[PDB]
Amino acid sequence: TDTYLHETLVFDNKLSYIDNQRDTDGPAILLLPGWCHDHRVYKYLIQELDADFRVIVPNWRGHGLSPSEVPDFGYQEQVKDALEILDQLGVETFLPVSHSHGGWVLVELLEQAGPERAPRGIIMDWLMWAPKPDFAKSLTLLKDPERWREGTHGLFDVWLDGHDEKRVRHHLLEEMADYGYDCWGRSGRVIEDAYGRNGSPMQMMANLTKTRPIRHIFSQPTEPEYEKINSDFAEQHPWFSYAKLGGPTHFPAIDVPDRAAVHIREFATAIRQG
């Protein structure tokens, strides 16, 4: 799966990215990582989609197999980076698929690219409501140079949700091991700022200039009150749908890749039929 890893200069930065360069009919599937991890989170999903689609995964500034400190940037800049990679690659039409807070990039990308280029989106496990106290606390911890690691640990607890989930544990404990405070502290500032300025992922989506089909596929939070704000949002908005995947962790791309794949294919086929 590292047979597909590339690197390129993007404005000021060398960014790594996955591209299987599959010669096939569009749309390209653009898999967008959350904060302080990289394309490795997608290694099982990429396998599900490899045969039939062109699959691109950009890594954000300072992210990759060798993380590095970089100057401060936000989702605005993640969006420009992603488009610049698509331009360099000649990719025209694409279906963006995001993980968690990679969603802020996805929804701004939909605005920027417009519905012709980006006609649909799939958002995975992304907190739809404004920060509850435990999560609000997590962010404040991430921002703290003394307590960022404690922040990440509390988040790992929430994400694993009491499961001995060997693939996810490996991703959190090994694949994110090289990320430091420069990343984690930034993710805290950006995510906090994102909800502050946009209200919520739902408010930001509802506010798109040109709304279009978006599906939220998620395994957590598992409580019925969270399902309820998804169903209420979907009752109000013909373009919004959701699917509870019932996977153990915050990482359906890792733990139920075959289920995440089928929703991606469904949206990719709807696009092919216009």
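Numbers follow the displayed sequence, beginning with 1.
Mean CA B-factor, 155-163 versus 174-182: the higher value falls on 174-182.
In this crystal structure, the stretch out of 83-91 and 102-110 whose C-alpha atoms carry the higher mean B factor is 83-91. In this PDB entry, residue 231 carries a Cα temperature factor that places it within the middle third of its chain's modelled residues. In the deposited entry, the Cα temperature factor of residue 201 sits in the bottom third of values across the chain's modelled residues. Annotation for residue 17: C-alpha temperature factor in the middle third relative to the rest of the modelled chain, per the entry.
Annotation for residue 70: CA B-factor lies in the highest third of the chain's modelled residues.
When the modelled residues of the chain are ordered by C-alpha B-factor, residue 61 sits in the middle third.
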